[PDB]
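Heads up: the structure comes next, in structure tokens.
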Amino acid sequence: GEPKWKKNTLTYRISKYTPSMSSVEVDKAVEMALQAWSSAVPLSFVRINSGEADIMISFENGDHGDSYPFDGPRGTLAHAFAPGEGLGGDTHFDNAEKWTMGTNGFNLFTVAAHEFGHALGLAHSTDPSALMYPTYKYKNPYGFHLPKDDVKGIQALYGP
Ligand SMILES: COc1ccc(S(=O)(=O)N(CC(=O)NO)CC(C)C)cc1
Ligand SMILES: [Ca+2]
Ligand SMILES: [Ca+2]
Ligand SMILES: [Zn+2]
Ligand SMILES: [Zn+2]
């Protein structure tokens, strides 16, 4: 089959955060990114209290048990896993740089919707308006959900 998901009710658990934002502000920053995908297809992300989730999220510095480490004060803001089970679906954020709700540091919202996109089964599209754009592409954080092609993409994974 395809390596993407066999169910539409996915699980999530946090284990770490950025210093620049509080835990509630980071949950509140991702909530907007979850909804965008739950607008493109009938899926949902259910936050757990007891069991290693489909999607586990953490902040890590350089080597972290991936042959692809973090890179420090620029470049890779966030690297997600592809869909799977174990490391699969788990999304990793860089602790060597700076996060916020604005343009100076890294907009956790603008970064997050793209990385959730990878834990689904999607790839870097590079399309002049797409969300999986490999460059930290600046979308207006005002109901913008996905641009377009990212919607036809996720429809192919969970089923229309
Ligand atoms: C707007 O969302 C983005 C978030 C992080 C990056 S990244 O620089 O961390 N990067 C890894 C990744 O898969 N993130 O989604 C792609 C990089 C090759 C530009 C790029 C875009
Ligand atoms: Ca997992
Ligand atoms: Ca980085
Ligand atoms: Zn990793
Ligand atoms: Zn990416």
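Residue numbers in this text run from 1 along the chain shown.
Note: Cβ is positioned from N, Cα and C throughout, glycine not excepted.
Feature annotations, courtesy of Swiss-Prot:
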type     : residues                                        : note
BINDING  : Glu52, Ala53, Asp54, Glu85, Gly86, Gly88, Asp90 : Ca(2+) 1 binding site
BINDING  : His64, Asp66, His79, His92                      : Zn(2+) 2 binding site
BINDING  : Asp71, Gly72, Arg74, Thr76, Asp94, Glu97        : Ca(2+) 2 binding site
ACT_SITE : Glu115                                          : active site
Query: When you measure from each Cβ to the nearest atom of ligand 2, which of the binding-site residues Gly72, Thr76, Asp90 fall under 6 angstroms?
result: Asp90
- request: Report the same-chain neighbours of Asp54 (Ca(2+) 1 binding site): residues 6+ apart in sequence with Cβ closer than 8 Å to its Cβ, ordered by sequence.
  value: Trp5, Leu10, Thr11, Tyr12, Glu85, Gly88, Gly89
Task: Check the binding-site residues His64, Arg74, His79, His92 for other C-beta atoms within 10 angstroms of each C-beta and report the one with the most.
output: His92
Those binding-site residues in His64, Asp71, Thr76, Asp94, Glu97 whose CB falls under 6 A of ligand 3, listed in sequence order: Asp71, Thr76, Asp94, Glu97
- line: Restricting the binding-site residues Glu52, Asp66, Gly72, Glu85, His92, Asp94 to those with Cβ under 6 angstroms from ligand 4 leaves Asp66, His92
Task: Taking the recorded Zn(2+) 2 site as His64, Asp66, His79, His92, identify the other residues of that chain whose CB atom sits within 8 Å of the mean position of the site's CB atoms, giving them in sequence order.
output: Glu60, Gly65, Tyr68, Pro69, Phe70
- prompt: Restricting the comparison to the recorded positions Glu52, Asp66, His79, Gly86, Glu115, which residue's C-alpha is spatially nearest the C-alpha of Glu97 (Ca(2+) 2 binding site)?
  reply: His79
Task: Would you kindly give the Cα-Cα distance separating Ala53 (Ca(2+) 1 binding site) and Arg74 (Ca(2+) 2 binding site), rounded to the nearest Å?
output: 29
- prompt: Expressed to the nearest Å, what is the distance separating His92 (Zn(2+) 2 binding site) and the residue listed as 'active site' at their Cα atoms?
  reply: 9
